[PDB]
């Protein structure tokens, strides 16, 4: 049921967010990214700025979910999801949701941080629509 699917997202999210303090230190990210992560799954919450996108790219990179062009590694993102409780079907759906979101998000400004932040917003909305958003912070 919806709560068990939210717990997979919850598990994925906490694991994804673990090295955030290291990404903050390494890239001199501002304290607002920690707030944005705390509120990541809050309905209606609007992200501060592109630095939250920089934080998402760093976390992805640390989990080696990015390829050389700072784009999602589909196979590695799938396996990440499965190691944190997703079945093959759910893992594939999540990768499809991110990919769709990347495709419907043009990077006109050559700004991966902004683009990643817009991909994240698109992804968060899709998860909310599936009622797969947990009520717990990162």
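Residue numbers count along the first chain shown, from 1.
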Averaging the C-alpha temperature factors as deposited, the higher value of 57-65 versus 104-112 falls on 104-112
Compare the CA B factors listed in the entry for 92, 82, 71, 76 and report the winner. 71
Residue 38 - which third its CA temperature factor falls in, relative to the rest of the chain: lowest
Report the third (lowest, middle or highest) to which the CA temperature factor of residue 24 belongs, ranking only the modelled residues of the same chain. highest
Compared with the other modelled residues in the chain, in which third is the CA B-factor of residue 96? lowest
